[PDB]
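So the structure is just underneath, and the comments pick up after that.
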Amino acid sequence: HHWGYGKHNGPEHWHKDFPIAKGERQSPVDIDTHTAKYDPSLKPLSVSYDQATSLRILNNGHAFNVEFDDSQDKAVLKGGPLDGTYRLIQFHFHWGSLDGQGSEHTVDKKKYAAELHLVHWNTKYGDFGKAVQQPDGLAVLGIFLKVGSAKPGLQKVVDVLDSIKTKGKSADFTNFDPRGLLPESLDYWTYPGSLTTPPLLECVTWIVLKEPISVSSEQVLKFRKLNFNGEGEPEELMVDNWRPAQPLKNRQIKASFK
Ligand SMILES: Cc1cn([C@H]2C[C@H](n3cc(CNc4ccc(S(N)(=O)=O)cc4)nn3)[C@@H](CO)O2)c(=O)[nH]c1=O
Ligand SMILES: [Zn+2]
């Protein structure tokens, strides 16, 4: 697989290797705020990250992943639209070359500067690889980033990026607290969708928070210094690693808030 975000290997090409790219529950989507309906059946959302154990940060040539120890129920997502317990395995971001683009989800066609994805798998399927084969295998908590005041809880991530500049580089990343990346409100939209990168599996319950976090221009400029390429290859800045909005088809976006 040589998929990426360029003219020759970007989102408009992914369907050739991954025909599910044109499927019935692809992500991301535009969230039409006027059409999304409050759902009183939604239970309270439970983000329980007190025991989260971060291990490492990896540049995988598409984004960087902050990886967690998911060998036990430590950092879990429950409630809201979810049945059962979903374990945090990694988080990553998508971002732009410019502050006016970068998010995958859009809100009334507005693009944010970036989007954070906290990826969790359903513990009833035993491991992540089994979970991605199930329609309810994953829950991704999506958080928008706008440029304004710095996010203090993000700075430890920003400061390690110079040690993982190129594809395949990793660094120790223990004792990182993902609670520092959350906005005040847990108001959210939810809909059934997919991974937003190949293999684009239709296994995700999306939970997208309404309240963005603010990060500084300096923080996002450091994301844009990363490289898609490996060490000793021509430099290709890691920017615009977002898939655009996909057709909603036969789906309803539900709101947690009246
Ligand atoms: C802790 C750990 C991780 N790994 C593997 C599997 C991990 N993985 C695979 C994928 C599938 N791809 C994906 C995910 C989200 C989105 S999005 N943009 O949110 O819709 C798109 C694509 N997601 N995470 C991966 C990262 O940690 O490393 C283990 O094998 N053992 C381990 O112990
Ligand atoms: Zn993502």
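Since every read-out is calculated from the coordinates, none of them should be taken as a lab result. Methodologically, a virtual Cβ is constructed for each residue, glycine included, from the backbone with ideal geometry; neighbour enumeration extends over all protein chains shown.
Key figures
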read-out	value
Dipole axis of the chain (+1 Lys, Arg; -1 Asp, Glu on Cβ), positive-most option in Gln90, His2, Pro212	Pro212
Extension reserve of the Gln252-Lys130 stretch, reckoned as 0.36 nm per residue once the Cα distance is removed	41.3 nm
Added length on full extension, which subtracts the Cα-Cα distance from 0.36 nm per residue, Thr174 to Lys110	19.6 nm
Convex hull of Cα atoms in the chain, direction-averaged projection (nm²)	13.0 nm²
Cα-Cα separations in the stretch 1-143 greater than 21 Å, expressed as whole percent	54 percent
Volume per residue that the Cα convex hull of the stretch 115-211 spans, once the total is divided by residue count, Å³	141 Å³
Dimensionless Rg/Rh of the stretch 127-179 - Kirkwood Rh, Rg from C-alpha atoms	1.06
